[PDB]
>>> print(open('query-v1.csv').read())   # CSV, C-alpha atoms (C1' of nucleotides)
chain,number,residue,atom,x,y,z
A,108,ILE,CA,209.1,160.0,78.9
A,109,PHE,CA,207.5,163.4,79.7
A,110,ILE,CA,209.7,166.0,81.5
A,111,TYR,CA,207.7,168.9,82.9
A,112,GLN,CA,208.9,172.2,84.4
A,113,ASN,CA,206.9,173.2,87.5
A,114,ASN,CA,203.9,170.9,88.2
A,115,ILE,CA,201.3,168.6,86.8
A,116,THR,CA,197.6,169.3,87.8
A,117,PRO,CA,195.7,166.4,89.4
A,118,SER,CA,193.1,166.5,86.7
A,119,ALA,CA,195.7,166.1,84.0
A,120,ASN,CA,197.3,163.3,86.1
A,121,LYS,CA,194.4,161.1,85.2
A,122,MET,CA,195.1,161.3,81.5
A,123,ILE,CA,198.2,159.2,81.9
A,124,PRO,CA,196.9,155.6,82.3
A,125,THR,CA,194.2,156.1,79.6
A,126,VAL,CA,196.7,155.8,76.8
A,127,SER,CA,197.6,152.1,77.1
A,128,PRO,CA,199.3,149.7,75.9
A,129,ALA,CA,201.7,152.6,75.4
A,130,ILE,CA,203.3,153.7,78.7
A,131,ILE,CA,203.8,157.3,79.8
A,132,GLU,CA,206.3,158.2,82.5
A,133,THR,CA,206.5,161.8,83.9
A,134,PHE,CA,209.4,163.4,85.7
A,135,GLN,CA,209.9,166.8,87.3
A,136,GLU,CA,212.9,168.6,85.9
A,137,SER,CA,214.3,169.3,89.5
A,138,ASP,CA,214.4,165.5,90.3
A,139,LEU,CA,216.8,164.8,87.4
A,140,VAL,CA,219.5,167.4,88.0
A,141,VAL,CA,221.4,164.8,89.9
A,142,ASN,CA,221.5,161.2,88.7
A,143,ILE,CA,220.7,159.4,92.0
A,144,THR,CA,222.1,156.1,91.0
A,145,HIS,CA,225.7,157.5,91.2
A,146,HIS,CA,225.3,157.9,94.9
A,147,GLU,CA,227.3,155.8,97.3
A,148,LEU,CA,224.3,154.5,99.1
A,149,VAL,CA,222.5,153.3,95.9
A,150,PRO,CA,223.8,149.9,94.7
A,151,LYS,CA,223.4,148.8,91.1
A,152,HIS,CA,219.9,147.7,90.1
A,153,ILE,CA,219.6,145.2,87.2
A,154,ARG,CA,216.1,144.1,86.0
A,155,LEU,CA,215.8,140.3,85.7
A,156,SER,CA,214.5,138.8,82.5
A,157,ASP,CA,211.4,136.7,82.4
A,158,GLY,CA,213.4,133.5,82.0
A,159,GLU,CA,215.7,134.4,84.9
A,160,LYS,CA,212.8,135.2,87.1
A,161,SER,CA,211.0,131.9,86.5
A,162,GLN,CA,214.3,130.1,87.2
A,163,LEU,CA,214.7,132.0,90.5
A,164,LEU,CA,211.2,131.3,91.8
A,165,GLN,CA,211.6,127.5,91.3
A,166,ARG,CA,215.0,127.5,93.1
A,167,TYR,CA,213.4,129.0,96.2
A,168,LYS,CA,210.0,127.3,95.7
A,169,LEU,CA,208.2,130.6,96.3
A,170,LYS,CA,205.0,132.4,95.3
A,171,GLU,CA,205.6,135.8,93.7
A,172,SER,CA,203.9,137.5,96.7
A,173,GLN,CA,206.7,136.3,99.1
A,174,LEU,CA,209.6,138.3,97.8
A,175,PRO,CA,210.5,141.7,99.3
A,176,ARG,CA,208.9,144.6,97.6
A,177,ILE,CA,209.6,148.0,96.1
A,178,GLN,CA,206.8,150.6,95.5
A,179,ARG,CA,206.2,151.8,92.0
A,180,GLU,CA,206.8,155.5,93.0
A,181,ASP,CA,210.2,154.6,94.5
A,182,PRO,CA,212.9,156.7,92.8
A,183,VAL,CA,215.0,153.8,91.5
A,184,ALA,CA,211.9,151.9,90.2
A,185,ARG,CA,210.7,154.9,88.3
A,186,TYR,CA,214.2,155.5,86.9
A,187,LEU,CA,214.1,152.0,85.4
A,188,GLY,CA,210.5,152.2,84.3
A,189,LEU,CA,209.6,149.1,86.3
A,190,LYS,CA,206.1,147.7,85.8
A,191,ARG,CA,204.2,145.4,88.2
A,192,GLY,CA,205.5,141.9,88.4
A,193,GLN,CA,209.1,142.7,87.3
A,194,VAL,CA,212.0,141.8,89.6
A,195,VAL,CA,215.2,143.8,90.1
A,196,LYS,CA,218.4,142.1,91.3
A,197,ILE,CA,220.5,144.2,93.6
A,198,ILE,CA,224.2,143.4,94.2
A,199,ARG,CA,225.4,145.4,97.2
A,200,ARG,CA,228.5,145.6,99.4
A,201,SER,CA,228.6,143.6,102.6
A,202,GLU,CA,231.0,144.0,105.4
A,203,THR,CA,230.7,140.3,106.5
A,204,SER,CA,230.7,138.5,103.1
A,205,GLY,CA,232.0,141.0,100.6
A,206,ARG,CA,229.3,140.6,98.0
A,207,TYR,CA,225.6,139.8,98.4
A,208,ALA,CA,222.8,139.5,95.9
A,209,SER,CA,219.4,140.8,97.0
A,210,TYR,CA,216.2,140.5,95.0
A,211,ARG,CA,213.1,142.7,95.1
A,212,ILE,CA,209.9,142.5,93.1
A,213,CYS,CA,208.0,145.6,92.0
A,214,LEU,CA,204.5,146.2,93.0
B,1,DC,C1',195.3,159.3,112.9
B,2,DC,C1',190.5,161.4,111.1
B,3,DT,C1',186.6,165.2,109.5
B,4,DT,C1',184.8,169.8,109.5
B,5,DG,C1',185.7,175.5,109.2
B,6,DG,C1',187.1,178.5,104.4
B,7,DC,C1',190.2,178.1,99.8
B,8,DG,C1',192.6,176.8,95.2
B,9,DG,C1',191.5,173.6,91.3
B,10,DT,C1',188.0,171.4,88.7
B,11,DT,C1',184.3,172.6,83.3
B,12,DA,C1',180.0,174.5,79.3
B,13,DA,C1',179.7,178.7,78.2
B,14,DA,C1',179.0,183.7,78.3
B,15,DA,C1',180.5,188.1,81.3
B,16,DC,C1',181.5,190.3,75.3
B,17,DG,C1',185.5,194.4,74.3
B,18,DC,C1',186.5,195.3,69.6
B,19,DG,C1',188.5,194.1,64.7
B,20,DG,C1',186.0,193.6,60.6
B,21,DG,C1',182.2,194.7,57.3
B,22,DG,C1',177.3,195.1,55.9
B,23,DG,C1',171.9,194.5,56.7
B,24,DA,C1',168.7,197.7,57.3
B,25,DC,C1',166.0,202.3,60.8
B,26,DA,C1',164.2,206.6,60.2
B,27,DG,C1',164.1,210.9,57.7
B,28,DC,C1',163.5,212.7,53.3
B,29,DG,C1',161.5,213.0,47.7
B,30,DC,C1',158.6,212.2,44.8
B,31,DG,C1',154.1,210.2,43.3
B,32,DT,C1',150.6,208.2,42.2
B,33,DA,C1',145.2,205.7,43.4
B,34,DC,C1',142.2,206.1,46.1
B,35,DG,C1',139.1,208.8,49.8
B,36,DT,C1',135.6,211.2,53.0
B,37,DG,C1',132.4,215.8,54.0
B,38,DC,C1',129.3,217.5,52.0
B,39,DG,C1',125.1,216.9,48.5
B,40,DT,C1',120.7,214.2,46.6
B,41,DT,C1',117.3,211.1,47.1
B,42,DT,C1',115.8,207.2,49.2
B,43,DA,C1',114.1,202.9,51.5
B,44,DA,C1',114.2,201.4,55.5
B,45,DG,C1',114.0,202.8,61.0
B,46,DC,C1',111.3,204.4,65.7
B,47,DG,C1',107.6,204.6,68.0
B,48,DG,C1',101.3,203.2,69.0
B,49,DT,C1',97.5,200.9,69.1
B,50,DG,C1',95.0,196.4,67.3
B,51,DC,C1',95.1,191.3,67.3
B,52,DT,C1',96.3,186.8,68.6
B,53,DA,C1',98.3,183.1,71.1
B,54,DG,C1',103.5,180.1,73.0
B,55,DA,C1',105.0,178.9,76.7
B,56,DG,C1',107.4,181.0,81.2
B,57,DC,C1',106.0,181.6,86.6
B,58,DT,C1',104.3,179.6,90.3
B,59,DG,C1',101.4,176.3,92.7
B,60,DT,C1',100.7,171.3,94.4
B,61,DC,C1',100.8,166.0,92.8
B,62,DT,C1',102.7,161.8,91.7
B,63,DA,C1',106.5,159.7,91.1
B,64,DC,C1',111.2,156.8,89.8
B,65,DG,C1',116.7,156.7,90.5
B,66,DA,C1',120.5,157.3,94.2
B,67,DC,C1',122.5,156.5,99.7
B,68,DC,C1',124.0,153.9,102.5
B,69,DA,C1',123.5,148.6,104.1
B,70,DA,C1',124.4,143.4,103.6
B,71,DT,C1',125.7,139.8,99.6
B,72,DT,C1',129.3,138.0,96.5
B,73,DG,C1',131.8,137.5,91.4
B,74,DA,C1',135.7,138.8,88.3
B,75,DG,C1',140.7,141.0,87.6
B,76,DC,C1',145.3,140.9,89.5
B,77,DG,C1',149.5,139.7,92.4
B,78,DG,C1',152.1,136.0,95.0
B,79,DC,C1',153.1,130.7,94.9
B,80,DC,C1',153.7,126.9,91.9
B,81,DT,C1',154.2,123.6,88.1
B,82,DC,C1',155.2,122.9,82.8
B,83,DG,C1',158.4,123.3,79.1
B,84,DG,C1',161.8,124.0,74.9
B,85,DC,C1',166.5,127.2,73.7
B,86,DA,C1',171.4,127.4,75.1
>>> encode(input="query-v1.csv", output="structure tokens")
Amino acid sequence: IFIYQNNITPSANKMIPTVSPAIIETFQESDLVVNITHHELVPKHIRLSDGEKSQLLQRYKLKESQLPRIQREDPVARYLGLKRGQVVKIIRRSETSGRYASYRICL
DNA sequence: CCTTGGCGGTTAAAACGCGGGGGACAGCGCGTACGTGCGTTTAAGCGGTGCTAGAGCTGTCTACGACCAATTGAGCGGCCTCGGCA
């Protein structure tokens, strides 16, 4: 996890995916002053394991490409270091049923 | 929502000042072997007929290989067949 101070030049931004299978995640120091997951409007995200994911897809008989999506640069996906193909489970408050579990898959 | 007018951001290296430290430029000392103007005597050099002929200069003659014109054969590229490595 690489925290920088002011900016990251676009030329230097191409040096990040060239260092695989190790993963590098960059963050601007401003963006971390507040932990956004403590906000009222952000419900608790929990990444599903590979076994739980497979069990989920069979229950709904669905292709991976049919789930709702979250972009990789989304703030909560970056916070969790989500990689392509991984699913988050989102349990959020509902005024009609009380509790409701929503699933999203990361692009 | 998309593509130009001028503007930061994008590298290999030199715009090298300038800190360090020494190879080596030009003047100066000494110092020796070689070095030309003048001197001698010479052996070849410049200019003249005398003699004798080789082949250039210029002339016309006789002549054999190329020009541009119709034939036509071999090398090469595009189809088309044959064949063993994967």
>>> atom_distance(input="query-v1.csv", atom1="atom CA of residue A:134", atom2="atom CA of residue A:108")
7.6 Å
>>> closest_atom_pairs(input="query-v1.csv", of="chain B", to="chain A", cutoff="12 Å", atoms="all atoms listed in the file", output="Markdown table")
| residue | atom | partner | partner_atom | distance |
| --- | --- | --- | --- | --- |
| B:8 | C1' | A:116 | CA | 11.7 |
| B:9 | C1' | A:116 | CA | 8.2 |
| B:10 | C1' | A:118 | CA | 7.3 |
| B:11 | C1' | A:118 | CA | 11.2 |
>>> atom_distance(input="query-v1.csv", atom1="atom CA of residue A:191", atom2="atom CA of residue A:175")
13.3 Å
>>> residues_near_point(input="query-v1.csv", point="(204.2, 142.7, 94.1)", cutoff="6 Å", atoms="only C-alpha atoms (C1' of nucleotides)", output="number ranges by chain")
A: 172, 192, 212-214
>>> atom_distance(input="query-v1.csv", atom1="atom CA of residue A:149", atom2="atom CA of residue A:165")
28.4 Å
>>> residues_near_point(input="query-v1.csv", point="(221.2, 158.7, 87.9)", cutoff="12 Å", atoms="all atoms listed in the file", output="list in words")
residues 138, 139, 140, 141, 142, 143, 144, 145, 146, 147, 149, 150, 151, 152, 182, 183, 184, 185, 186 and 187 of chain A
>>> axis_aligned_box(input="query-v1.csv", around="stretch 115-119 of chain A", padding_each_side="6 Å", output="lines of an AutoDock Vina configuration file")
center_x = 197.2
center_y = 167.7
center_z = 86.7
size_x = 20.2
size_y = 15.2
size_z = 17.4
>>> decode(input="query-v1.csv", residues="stretch 125-145 of chain A", atoms="C-alpha atoms", output="short mmCIF file (atom, residue, chain, number, x, y, z; two decimals), in the first residue's frame")
data_model
loop_
_atom_site.label_atom_id
_atom_site.label_comp_id
_atom_site.auth_asym_id
_atom_site.auth_seq_id
_atom_site.Cartn_x
_atom_site.Cartn_y
_atom_site.Cartn_z
CA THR A 125 4.34 -4.21 -14.23
CA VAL A 126 5.27 -5.70 -10.84
CA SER A 127 2.86 -8.65 -10.74
CA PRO A 128 1.94 -11.18 -9.14
CA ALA A 129 2.57 -8.72 -6.33
CA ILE A 130 -0.14 -6.06 -6.06
CA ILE A 131 0.43 -2.34 -5.55
CA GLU A 132 -2.33 -0.02 -4.33
CA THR A 133 -1.84 3.74 -4.23
CA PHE A 134 -3.69 6.27 -2.09
CA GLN A 135 -3.62 10.04 -1.87
CA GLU A 136 -3.08 11.16 1.74
CA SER A 137 -6.07 13.54 1.54
CA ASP A 138 -8.48 10.69 0.73
CA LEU A 139 -7.66 8.84 3.96
CA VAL A 140 -8.16 11.67 6.49
CA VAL A 141 -11.71 10.40 6.99
CA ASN A 142 -12.50 6.68 7.00
CA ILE A 143 -15.47 6.72 4.64
CA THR A 144 -16.86 3.37 5.83
CA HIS A 145 -17.94 4.97 9.11
#
